$ cat target.txt   # compact mmCIF, C-alpha atoms
# COMPACT_ATOMS: atom_id res chain seq x y z
CA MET A 1 88.26 34.93 -41.41
CA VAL A 2 87.08 31.60 -39.95
CA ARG A 3 84.07 29.29 -40.27
CA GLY A 4 82.71 26.70 -37.88
CA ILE A 5 81.74 23.16 -38.84
CA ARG A 6 79.37 21.20 -36.61
CA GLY A 7 79.46 17.42 -36.43
CA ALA A 8 77.57 14.74 -34.55
CA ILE A 9 77.50 10.95 -34.34
CA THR A 10 76.33 8.23 -31.94
CA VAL A 11 77.80 4.93 -30.76
CA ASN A 12 75.97 1.83 -29.54
CA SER A 13 78.37 1.00 -26.67
CA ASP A 14 81.05 2.77 -24.61
CA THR A 15 84.20 1.00 -25.81
CA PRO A 16 87.53 2.43 -27.00
CA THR A 17 87.07 1.01 -30.51
CA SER A 18 83.52 2.26 -31.14
CA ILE A 19 84.50 5.74 -29.94
CA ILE A 20 87.59 5.86 -32.18
CA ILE A 21 85.82 4.49 -35.27
CA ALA A 22 82.89 6.88 -34.91
CA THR A 23 85.23 9.83 -34.36
CA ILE A 24 87.39 9.12 -37.43
CA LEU A 25 84.31 8.43 -39.57
CA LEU A 26 82.71 11.73 -38.56
CA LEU A 27 85.97 13.68 -38.86
CA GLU A 28 86.82 12.36 -42.33
CA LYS A 29 83.25 12.91 -43.55
CA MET A 30 83.24 16.51 -42.30
CA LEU A 31 86.43 17.27 -44.25
CA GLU A 32 85.28 15.53 -47.46
CA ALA A 33 81.91 17.32 -47.39
CA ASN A 34 83.59 20.75 -47.31
CA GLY A 35 86.52 19.92 -49.60
CA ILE A 36 89.22 20.15 -46.93
CA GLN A 37 92.39 19.10 -48.75
CA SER A 38 94.87 19.38 -45.86
CA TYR A 39 94.87 19.79 -42.10
CA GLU A 40 96.75 23.09 -42.50
CA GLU A 41 93.40 24.79 -43.20
CA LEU A 42 92.14 23.93 -39.70
CA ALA A 43 92.99 26.33 -36.89
CA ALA A 44 91.82 23.95 -34.16
CA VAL A 45 89.28 21.19 -33.55
CA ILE A 46 87.01 20.66 -30.55
CA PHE A 47 85.02 17.62 -29.38
CA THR A 48 82.21 16.97 -26.90
CA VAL A 49 81.23 13.55 -25.56
CA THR A 50 78.30 13.05 -23.20
CA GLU A 51 78.44 11.88 -19.60
CA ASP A 52 78.09 8.20 -20.58
CA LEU A 53 81.06 8.04 -23.02
CA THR A 54 84.35 7.77 -21.12
CA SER A 55 86.53 4.79 -22.13
CA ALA A 56 88.63 6.69 -24.70
CA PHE A 57 89.55 10.16 -25.99
CA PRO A 58 88.42 11.69 -29.28
CA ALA A 59 91.98 13.02 -29.54
CA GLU A 60 93.52 9.52 -29.59
CA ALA A 61 91.43 8.80 -32.69
CA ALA A 62 92.29 12.16 -34.25
CA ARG A 63 96.02 11.44 -33.80
CA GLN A 64 95.75 8.16 -35.74
CA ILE A 65 94.75 10.04 -38.90
CA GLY A 66 97.73 12.38 -38.80
CA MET A 67 96.17 15.33 -36.94
CA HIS A 68 99.13 15.81 -34.59
CA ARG A 69 99.47 19.05 -36.56
CA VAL A 70 95.95 20.01 -35.46
CA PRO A 71 95.24 21.48 -32.00
CA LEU A 72 92.72 19.27 -30.21
CA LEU A 73 90.49 19.71 -27.17
CA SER A 74 87.56 17.79 -25.67
CA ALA A 75 85.02 18.00 -22.84
CA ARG A 76 81.52 16.84 -21.81
CA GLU A 77 78.43 18.37 -23.41
CA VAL A 78 75.69 19.22 -20.89
CA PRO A 79 74.07 16.10 -19.38
CA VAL A 80 70.50 17.06 -20.29
CA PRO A 81 67.69 14.66 -19.28
CA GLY A 82 66.17 12.76 -22.17
CA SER A 83 68.73 14.03 -24.66
CA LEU A 84 70.18 11.80 -27.36
CA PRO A 85 72.68 9.58 -25.52
CA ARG A 86 76.21 8.44 -26.38
CA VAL A 87 76.70 11.24 -28.90
CA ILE A 88 80.05 12.71 -29.96
CA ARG A 89 79.87 16.27 -31.29
CA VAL A 90 82.57 18.14 -33.21
CA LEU A 91 83.24 21.84 -33.82
CA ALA A 92 86.18 22.22 -36.20
CA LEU A 93 87.40 25.76 -36.86
CA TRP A 94 88.30 26.38 -40.49
CA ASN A 95 90.40 29.23 -41.90
CA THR A 96 88.26 29.97 -44.95
CA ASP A 97 86.26 32.66 -46.75
CA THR A 98 83.42 30.22 -47.42
CA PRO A 99 79.94 31.72 -46.85
CA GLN A 100 78.12 30.58 -43.74
CA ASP A 101 75.21 29.04 -45.68
CA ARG A 102 77.68 26.96 -47.74
CA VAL A 103 79.41 25.04 -44.94
CA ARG A 104 78.25 21.43 -44.88
CA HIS A 105 77.37 20.25 -41.39
CA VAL A 106 77.59 16.50 -40.85
CA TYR A 107 75.09 14.76 -38.55
CA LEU A 108 75.47 10.98 -38.82
CA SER A 109 74.08 7.76 -37.32
CA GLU A 110 71.23 8.26 -34.82
CA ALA A 111 72.56 11.81 -34.27
CA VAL A 112 70.73 13.08 -37.37
CA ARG A 113 67.89 13.87 -34.97
CA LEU A 114 70.13 16.74 -33.79
CA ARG A 115 70.22 18.13 -37.35
CA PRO A 116 68.90 21.71 -37.06
CA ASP A 117 65.45 21.99 -38.57
CA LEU A 118 65.27 24.91 -40.98
CA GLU A 119 61.88 26.02 -39.55
CA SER A 120 61.64 25.02 -35.88
CA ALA A 121 59.67 27.42 -33.66
CA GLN A 122 61.61 30.57 -34.71
CA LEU A 123 60.02 32.79 -32.02
CA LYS B 1 100.82 -12.42 -44.58
CA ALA B 2 97.21 -12.98 -43.51
CA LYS B 3 94.34 -11.66 -45.62
CA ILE B 4 90.78 -10.49 -44.90
CA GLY B 5 87.88 -9.78 -47.25
CA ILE B 6 85.60 -6.79 -46.77
CA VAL B 7 82.49 -6.62 -48.96
CA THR B 8 80.08 -3.68 -49.13
CA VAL B 9 76.61 -4.53 -50.47
CA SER B 10 74.69 -1.46 -51.68
CA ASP B 11 73.47 -0.24 -55.08
CA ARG B 12 74.07 3.28 -53.77
CA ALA B 13 77.79 2.82 -53.12
CA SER B 14 78.44 0.47 -56.05
CA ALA B 15 77.19 3.03 -58.58
CA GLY B 16 79.39 5.67 -56.92
CA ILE B 17 76.47 7.78 -55.69
CA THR B 18 77.54 7.71 -52.02
CA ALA B 19 80.66 6.89 -50.03
CA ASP B 20 80.70 3.30 -48.77
CA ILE B 21 81.43 4.39 -45.17
CA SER B 22 80.15 1.09 -43.74
CA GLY B 23 83.07 -0.83 -45.22
CA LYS B 24 85.48 1.91 -44.18
CA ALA B 25 84.38 1.28 -40.59
CA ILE B 26 85.09 -2.46 -40.90
CA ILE B 27 88.61 -1.71 -42.15
CA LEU B 28 89.13 0.77 -39.32
CA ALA B 29 88.06 -1.75 -36.67
CA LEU B 30 90.42 -4.26 -38.31
CA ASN B 31 93.32 -1.78 -38.26
CA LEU B 32 92.55 -1.88 -34.54
CA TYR B 33 92.06 -5.33 -32.95
CA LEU B 34 94.85 -6.86 -35.05
CA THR B 35 98.47 -6.32 -34.02
CA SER B 36 99.79 -8.62 -36.77
CA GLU B 37 100.47 -8.09 -40.46
CA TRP B 38 97.24 -8.24 -42.45
CA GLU B 39 96.09 -7.19 -45.91
CA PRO B 40 92.53 -6.13 -46.79
CA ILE B 41 90.77 -7.36 -49.94
CA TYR B 42 87.84 -5.02 -50.48
CA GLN B 43 85.15 -4.67 -53.15
CA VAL B 44 81.86 -2.76 -53.30
CA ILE B 45 79.10 -4.64 -55.12
CA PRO B 46 75.34 -4.14 -55.67
CA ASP B 47 72.36 -6.10 -54.30
CA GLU B 48 72.75 -8.85 -56.90
CA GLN B 49 72.62 -12.32 -55.38
CA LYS B 50 74.87 -13.98 -57.97
CA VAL B 51 77.35 -11.09 -57.82
CA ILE B 52 77.59 -11.55 -54.05
CA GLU B 53 78.09 -15.30 -54.55
CA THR B 54 81.03 -14.61 -56.86
CA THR B 55 82.92 -12.05 -54.79
CA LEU B 56 82.61 -14.30 -51.74
CA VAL B 57 83.73 -17.38 -53.67
CA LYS B 58 86.59 -15.51 -55.36
CA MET B 59 87.80 -14.14 -52.02
CA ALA B 60 87.33 -17.44 -50.15
CA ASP B 61 89.14 -19.69 -52.65
CA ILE B 62 91.19 -17.66 -55.17
CA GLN B 63 92.23 -14.87 -52.78
CA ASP B 64 91.98 -17.44 -49.93
CA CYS B 65 91.43 -14.80 -47.25
CA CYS B 66 90.57 -16.49 -43.96
CA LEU B 67 87.80 -14.07 -42.92
CA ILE B 68 85.23 -12.34 -45.14
CA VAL B 69 82.93 -9.57 -43.92
CA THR B 70 79.76 -8.30 -45.59
CA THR B 71 77.65 -5.25 -44.84
CA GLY B 72 74.11 -4.45 -45.96
CA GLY B 73 71.40 -6.47 -47.62
CA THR B 74 70.42 -8.16 -44.34
CA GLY B 75 67.02 -6.55 -43.74
CA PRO B 76 63.42 -7.30 -44.73
CA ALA B 77 63.37 -5.33 -48.00
CA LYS B 78 63.06 -7.52 -51.08
CA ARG B 79 66.32 -6.01 -52.33
CA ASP B 80 68.21 -7.67 -49.48
CA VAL B 81 69.75 -10.97 -50.59
CA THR B 82 73.10 -10.91 -48.76
CA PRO B 83 72.17 -13.81 -46.39
CA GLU B 84 70.81 -16.02 -49.18
CA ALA B 85 74.07 -15.67 -51.13
CA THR B 86 76.01 -16.82 -48.05
CA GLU B 87 73.96 -20.01 -47.58
CA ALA B 88 74.68 -21.25 -51.12
CA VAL B 89 78.46 -20.79 -51.01
CA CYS B 90 79.04 -22.34 -47.57
CA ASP B 91 79.07 -26.04 -46.70
CA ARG B 92 78.16 -25.32 -43.08
CA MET B 93 76.41 -22.67 -41.00
CA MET B 94 77.68 -21.03 -37.80
CA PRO B 95 74.32 -20.11 -36.24
CA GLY B 96 75.85 -18.63 -33.09
CA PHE B 97 77.10 -15.53 -34.91
CA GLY B 98 73.67 -14.35 -36.03
CA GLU B 99 71.95 -15.22 -32.75
CA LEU B 100 74.48 -13.26 -30.67
CA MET B 101 74.69 -10.15 -32.87
CA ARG B 102 70.89 -10.04 -33.10
CA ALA B 103 70.63 -9.78 -29.31
CA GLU B 104 73.53 -7.36 -28.80
CA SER B 105 72.20 -4.80 -31.27
CA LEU B 106 68.78 -5.48 -29.69
CA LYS B 107 69.47 -4.10 -26.19
CA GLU B 108 70.29 -0.87 -28.09
CA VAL B 109 67.86 -0.86 -31.02
CA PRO B 110 64.68 -3.02 -30.87
CA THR B 111 64.35 -2.97 -34.65
CA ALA B 112 67.35 -5.34 -34.82
CA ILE B 113 65.15 -8.45 -34.75
CA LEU B 114 64.33 -7.38 -38.32
CA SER B 115 67.78 -8.64 -39.35
CA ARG B 116 68.57 -11.75 -41.39
CA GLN B 117 72.31 -11.81 -40.68
CA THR B 118 74.09 -15.16 -40.63
CA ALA B 119 77.54 -16.69 -40.98
CA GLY B 120 79.12 -19.82 -42.41
CA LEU B 121 82.26 -21.59 -43.60
CA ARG B 122 83.46 -22.08 -47.18
CA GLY B 123 85.80 -24.95 -46.45
CA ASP B 124 88.65 -23.14 -44.71
CA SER B 125 87.22 -19.59 -44.90
CA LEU B 126 84.87 -17.91 -42.40
CA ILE B 127 82.22 -15.52 -43.77
CA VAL B 128 80.17 -13.23 -41.52
CA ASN B 129 77.38 -10.74 -42.27
CA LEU B 130 77.07 -7.23 -40.85
CA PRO B 131 74.36 -4.58 -41.35
CA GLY B 132 74.55 -1.20 -43.06
CA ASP B 133 74.67 1.02 -39.96
CA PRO B 134 78.31 1.65 -38.91
CA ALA B 135 77.35 2.41 -35.30
CA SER B 136 76.08 -1.18 -35.00
CA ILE B 137 78.98 -2.54 -37.06
CA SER B 138 81.36 -1.81 -34.17
CA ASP B 139 78.79 -3.30 -31.78
CA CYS B 140 78.49 -6.47 -33.88
CA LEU B 141 82.19 -6.84 -34.76
CA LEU B 142 83.14 -6.34 -31.11
CA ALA B 143 80.68 -9.05 -30.04
CA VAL B 144 81.90 -11.94 -32.22
CA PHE B 145 85.55 -11.13 -32.99
CA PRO B 146 87.04 -12.71 -29.79
CA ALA B 147 86.12 -16.16 -31.13
CA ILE B 148 87.41 -15.48 -34.67
CA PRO B 149 91.19 -15.89 -34.11
CA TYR B 150 90.44 -19.15 -32.32
CA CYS B 151 88.07 -20.16 -35.12
CA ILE B 152 90.61 -19.37 -37.85
CA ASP B 153 93.20 -21.34 -35.87
CA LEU B 154 90.75 -24.25 -35.64
CA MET B 155 90.57 -24.31 -39.46
CA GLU B 156 94.41 -24.23 -39.60
CA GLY B 157 94.20 -20.66 -40.87
CA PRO B 158 96.74 -17.96 -40.09
CA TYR B 159 97.15 -17.09 -36.43
CA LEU B 160 95.45 -13.79 -35.64
CA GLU B 161 97.29 -11.67 -33.07
CA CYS B 162 94.94 -9.50 -31.01
CA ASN B 163 95.43 -6.16 -29.26
CA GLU B 164 94.77 -6.37 -25.52
CA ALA B 165 93.79 -2.68 -25.48
CA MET B 166 91.18 -2.72 -28.26
CA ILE B 167 89.74 -6.25 -27.94
CA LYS B 168 90.05 -9.52 -25.99
CA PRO B 169 90.49 -12.90 -27.73
CA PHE B 170 89.71 -16.22 -26.11
CA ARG B 171 91.62 -19.39 -26.87

$ encode --input "target.txt" --output "structure tokens"
Amino acid sequence: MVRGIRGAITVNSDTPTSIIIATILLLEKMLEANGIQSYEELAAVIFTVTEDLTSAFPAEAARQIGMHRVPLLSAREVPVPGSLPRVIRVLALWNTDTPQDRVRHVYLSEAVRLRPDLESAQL
Amino acid sequence: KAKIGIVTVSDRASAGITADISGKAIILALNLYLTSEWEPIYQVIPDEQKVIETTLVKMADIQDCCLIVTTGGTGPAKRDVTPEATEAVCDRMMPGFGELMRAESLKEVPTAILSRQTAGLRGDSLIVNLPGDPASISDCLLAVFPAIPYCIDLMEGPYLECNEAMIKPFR
């Protein structure tokens, strides 16, 4: 019994600091929004940077908030033309019985454009 | 033991409606950058000009922190009074801080010329404005912080030790 939590955030320059600050901000907001008390509830956490963010790891930021307990992994989300640039996306996996429609997703900064519209196309 | 003031300016966060976030980012960037012992003095206050004047003055003289940072209240909405409160409490203006940050958030967002950020000195203390967006707080803090340890040293303030990995100070 697991739920997924999507996250997203943008930076304004590809520097180690701005990546780490944006990662911690998004991570800590995602936990607070869902009421995550401890890291023991997380099974694992996954990150995606774009092609243009390279100078530092999302893991290095996640380790400076005590998530050595948490399994981490990162890669590069598809380099799609015209997509929102310099965006870090998070999928944290959460051992919980919470309903799917309850989980708070956290889209921050300029990445709120990626917030799923409730009625978009729906073919 | 050096000291730094962080001030969040927003009626939303001061009333407890929303998490400050913007000030949390300033503290995070300052836990980076700085290798030396440092203590943060941090309050969240509303868009009241006299209330901003007090927290700055209390931090600059009574707390005597060498560097004070503000966030919010720098735009063109009549609410925003953060720059005006800085010009009353400072003897002198450091115009290079606002001019640089306005151009370095500009090559990323063009609606950054709509900012009224500024910076000044209250005797021995250096006060700098930042906006509300955290993503441009790192971009603005990164752009002016190299000169700050040298500036604080010029005012005989505490020596700021910088991290070669996270930032690059010039002396």

$ residues_around --input "target.txt" --residues "residue 45 (chain B)" --least-positions-apart "4" --cutoff "10 Å" --atoms "all atoms listed in the file" --output "number ranges by chain"
B: 7-15, 51-52, 55

$ closest_residue --input "target.txt" --among "B:127, B:152, B:19, B:89" --to "residue 2 (chain B)" --atoms "all atoms listed in the file"
B:152

$ atom_distance --input "target.txt" --atom1 "CA of residue 30 (chain B)" --atom2 "CA of residue 30 (chain A)"
22.3 Å

$ interface_residues --input "target.txt" --of "chain B" --to "chain A" --cutoff "12 Å" --atoms "all atoms listed in the file" --output "PDB file with C-alpha atoms, in the frame of the given file"
ATOM      1  CA  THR B  18      77.540   7.710 -52.020  1.00  0.00           C
ATOM      2  CA  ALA B  19      80.660   6.890 -50.030  1.00  0.00           C
ATOM      3  CA  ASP B  20      80.700   3.300 -48.770  1.00  0.00           C
ATOM      4  CA  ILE B  21      81.430   4.390 -45.170  1.00  0.00           C
ATOM      5  CA  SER B  22      80.150   1.090 -43.740  1.00  0.00           C
ATOM      6  CA  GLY B  23      83.070  -0.830 -45.220  1.00  0.00           C
ATOM      7  CA  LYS B  24      85.480   1.910 -44.180  1.00  0.00           C
ATOM      8  CA  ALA B  25      84.380   1.280 -40.590  1.00  0.00           C
ATOM      9  CA  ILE B  26      85.090  -2.460 -40.900  1.00  0.00           C
ATOM     10  CA  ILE B  27      88.610  -1.710 -42.150  1.00  0.00           C
ATOM     11  CA  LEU B  28      89.130   0.770 -39.320  1.00  0.00           C
ATOM     12  CA  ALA B  29      88.060  -1.750 -36.670  1.00  0.00           C
ATOM     13  CA  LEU B  30      90.420  -4.260 -38.310  1.00  0.00           C
ATOM     14  CA  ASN B  31      93.320  -1.780 -38.260  1.00  0.00           C
ATOM     15  CA  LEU B  32      92.550  -1.880 -34.540  1.00  0.00           C
ATOM     16  CA  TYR B  33      92.060  -5.330 -32.950  1.00  0.00           C
ATOM     17  CA  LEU B  34      94.850  -6.860 -35.050  1.00  0.00           C
ATOM     18  CA  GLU B 104      73.530  -7.360 -28.800  1.00  0.00           C
ATOM     19  CA  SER B 105      72.200  -4.800 -31.270  1.00  0.00           C
ATOM     20  CA  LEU B 106      68.780  -5.480 -29.690  1.00  0.00           C
ATOM     21  CA  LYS B 107      69.470  -4.100 -26.190  1.00  0.00           C
ATOM     22  CA  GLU B 108      70.290  -0.870 -28.090  1.00  0.00           C
ATOM     23  CA  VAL B 109      67.860  -0.860 -31.020  1.00  0.00           C
ATOM     24  CA  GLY B 132      74.550  -1.200 -43.060  1.00  0.00           C
ATOM     25  CA  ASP B 133      74.670   1.020 -39.960  1.00  0.00           C
ATOM     26  CA  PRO B 134      78.310   1.650 -38.910  1.00  0.00           C
ATOM     27  CA  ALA B 135      77.350   2.410 -35.300  1.00  0.00           C
ATOM     28  CA  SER B 136      76.080  -1.180 -35.000  1.00  0.00           C
ATOM     29  CA  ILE B 137      78.980  -2.540 -37.060  1.00  0.00           C
ATOM     30  CA  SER B 138      81.360  -1.810 -34.170  1.00  0.00           C
ATOM     31  CA  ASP B 139      78.790  -3.300 -31.780  1.00  0.00           C
ATOM     32  CA  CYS B 140      78.490  -6.470 -33.880  1.00  0.00           C
ATOM     33  CA  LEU B 141      82.190  -6.840 -34.760  1.00  0.00           C
ATOM     34  CA  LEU B 142      83.140  -6.340 -31.110  1.00  0.00           C
ATOM     35  CA  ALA B 143      80.680  -9.050 -30.040  1.00  0.00           C
ATOM     36  CA  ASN B 163      95.430  -6.160 -29.260  1.00  0.00           C
ATOM     37  CA  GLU B 164      94.770  -6.370 -25.520  1.00  0.00           C
ATOM     38  CA  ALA B 165      93.790  -2.680 -25.480  1.00  0.00           C
ATOM     39  CA  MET B 166      91.180  -2.720 -28.260  1.00  0.00           C
ATOM     40  CA  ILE B 167      89.740  -6.250 -27.940  1.00  0.00           C
ATOM     41  CA  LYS B 168      90.050  -9.520 -25.990  1.00  0.00           C
TER      42      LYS B 168
END

$ closest_atom_pairs --input "target.txt" --of "region 18-63 of chain A" --to "region 80-87 of chain A" --cutoff "10 Å" --atoms "only C-alpha atoms" --output "JSON lines"
{"residue": "A:19", "atom": "CA", "partner": "A:86", "partner_atom": "CA", "distance": 9.4}
{"residue": "A:22", "atom": "CA", "partner": "A:87", "partner_atom": "CA", "distance": 9.7}
{"residue": "A:48", "atom": "CA", "partner": "A:87", "partner_atom": "CA", "distance": 8.2}
{"residue": "A:49", "atom": "CA", "partner": "A:87", "partner_atom": "CA", "distance": 6.1}
{"residue": "A:50", "atom": "CA", "partner": "A:86", "partner_atom": "CA", "distance": 6.0}
{"residue": "A:51", "atom": "CA", "partner": "A:86", "partner_atom": "CA", "distance": 7.9}
{"residue": "A:52", "atom": "CA", "partner": "A:86", "partner_atom": "CA", "distance": 6.1}
{"residue": "A:53", "atom": "CA", "partner": "A:86", "partner_atom": "CA", "distance": 5.9}
{"residue": "A:54", "atom": "CA", "partner": "A:86", "partner_atom": "CA", "distance": 9.7}

$ atom_distance --input "target.txt" --atom1 "CA of residue 2 (chain A)" --atom2 "CA of residue 121 (chain A)"
28.4 Å

$ residues_around --input "target.txt" --residues "residue 107 (chain A)" --least-positions-apart "2" --cutoff "6 Å" --atoms "all atoms listed in the file" --output "list in words"
residues 7, 8, 111 and 112 of chain A

$ residues_around --input "target.txt" --residues "region 61-71 of chain A" --least-positions-apart "3" --cutoff "8 Å" --atoms "all atoms listed in the file" --output "list in words"
residues 20, 21, 23, 24, 27, 39, 40, 42, 43, 44, 45, 57 and 58 of chain A

$ write_last_selection --input "target.txt" --atoms "C-alpha atoms" --output "PDB file, in the frame of the given file"
ATOM      1  CA  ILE A  20      87.590   5.860 -32.180  1.00  0.00           C
ATOM      2  CA  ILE A  21      85.820   4.490 -35.270  1.00  0.00           C
ATOM      3  CA  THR A  23      85.230   9.830 -34.360  1.00  0.00           C
ATOM      4  CA  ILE A  24      87.390   9.120 -37.430  1.00  0.00           C
ATOM      5  CA  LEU A  27      85.970  13.680 -38.860  1.00  0.00           C
ATOM      6  CA  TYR A  39      94.870  19.790 -42.100  1.00  0.00           C
ATOM      7  CA  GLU A  40      96.750  23.090 -42.500  1.00  0.00           C
ATOM      8  CA  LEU A  42      92.140  23.930 -39.700  1.00  0.00           C
ATOM      9  CA  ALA A  43      92.990  26.330 -36.890  1.00  0.00           C
ATOM     10  CA  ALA A  44      91.820  23.950 -34.160  1.00  0.00           C
ATOM     11  CA  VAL A  45      89.280  21.190 -33.550  1.00  0.00           C
ATOM     12  CA  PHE A  57      89.550  10.160 -25.990  1.00  0.00           C
ATOM     13  CA  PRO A  58      88.420  11.690 -29.280  1.00  0.00           C
TER      14      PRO A  58
END

$ atom_distance --input "target.txt" --atom1 "CA of residue 62 (chain B)" --atom2 "CA of residue 17 (chain B)"
29.4 Å

$ build_atoms --input "target.txt" --residues "region 100-114 of chain A" --atoms "N, CA and C atoms" --output "PDB file, keeping the file's coordinate frame"
ATOM      1  N   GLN A 100      78.638  31.362 -44.852  1.00  0.00           N
ATOM      2  CA  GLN A 100      78.120  30.580 -43.740  1.00  0.00           C
ATOM      3  C   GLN A 100      77.096  29.553 -44.215  1.00  0.00           C
ATOM      4  N   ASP A 101      76.233  29.942 -45.158  1.00  0.00           N
ATOM      5  CA  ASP A 101      75.210  29.040 -45.680  1.00  0.00           C
ATOM      6  C   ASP A 101      75.780  27.944 -46.575  1.00  0.00           C
ATOM      7  N   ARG A 102      77.069  27.998 -46.911  1.00  0.00           N
ATOM      8  CA  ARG A 102      77.680  26.960 -47.740  1.00  0.00           C
ATOM      9  C   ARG A 102      78.250  25.810 -46.932  1.00  0.00           C
ATOM     10  N   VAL A 103      78.683  26.062 -45.698  1.00  0.00           N
ATOM     11  CA  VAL A 103      79.410  25.040 -44.940  1.00  0.00           C
ATOM     12  C   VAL A 103      78.505  23.845 -44.710  1.00  0.00           C
ATOM     13  N   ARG A 104      78.977  22.669 -45.106  1.00  0.00           N
ATOM     14  CA  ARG A 104      78.250  21.430 -44.880  1.00  0.00           C
ATOM     15  C   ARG A 104      78.448  20.990 -43.434  1.00  0.00           C
ATOM     16  N   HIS A 105      77.357  20.907 -42.683  1.00  0.00           N
ATOM     17  CA  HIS A 105      77.370  20.250 -41.390  1.00  0.00           C
ATOM     18  C   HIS A 105      77.064  18.773 -41.572  1.00  0.00           C
ATOM     19  N   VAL A 106      77.644  17.947 -40.705  1.00  0.00           N
ATOM     20  CA  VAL A 106      77.590  16.500 -40.850  1.00  0.00           C
ATOM     21  C   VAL A 106      77.010  15.904 -39.573  1.00  0.00           C
ATOM     22  N   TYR A 107      75.742  15.510 -39.621  1.00  0.00           N
ATOM     23  CA  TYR A 107      75.090  14.760 -38.550  1.00  0.00           C
ATOM     24  C   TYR A 107      74.870  13.341 -39.050  1.00  0.00           C
ATOM     25  N   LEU A 108      75.467  12.367 -38.369  1.00  0.00           N
ATOM     26  CA  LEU A 108      75.470  10.980 -38.820  1.00  0.00           C
ATOM     27  C   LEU A 108      74.844  10.073 -37.768  1.00  0.00           C
ATOM     28  N   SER A 109      74.590   8.835 -38.181  1.00  0.00           N
ATOM     29  CA  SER A 109      74.080   7.760 -37.320  1.00  0.00           C
ATOM     30  C   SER A 109      72.730   8.202 -36.735  1.00  0.00           C
ATOM     31  N   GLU A 110      72.449   7.820 -35.487  1.00  0.00           N
ATOM     32  CA  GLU A 110      71.230   8.260 -34.820  1.00  0.00           C
ATOM     33  C   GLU A 110      71.272   9.734 -34.435  1.00  0.00           C
ATOM     34  N   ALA A 111      72.411  10.404 -34.616  1.00  0.00           N
ATOM     35  CA  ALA A 111      72.560  11.810 -34.270  1.00  0.00           C
ATOM     36  C   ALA A 111      71.977  12.750 -35.320  1.00  0.00           C
ATOM     37  N   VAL A 112      71.392  12.217 -36.396  1.00  0.00           N
ATOM     38  CA  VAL A 112      70.730  13.080 -37.370  1.00  0.00           C
ATOM     39  C   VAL A 112      69.486  13.721 -36.778  1.00  0.00           C
ATOM     40  N   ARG A 113      68.972  13.189 -35.665  1.00  0.00           N
ATOM     41  CA  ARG A 113      67.890  13.870 -34.970  1.00  0.00           C
ATOM     42  C   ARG A 113      68.318  15.256 -34.499  1.00  0.00           C
ATOM     43  N   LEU A 114      69.616  15.445 -34.230  1.00  0.00           N
ATOM     44  CA  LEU A 114      70.130  16.740 -33.790  1.00  0.00           C
ATOM     45  C   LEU A 114      70.321  17.712 -34.948  1.00  0.00           C
TER      46      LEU A 114
END
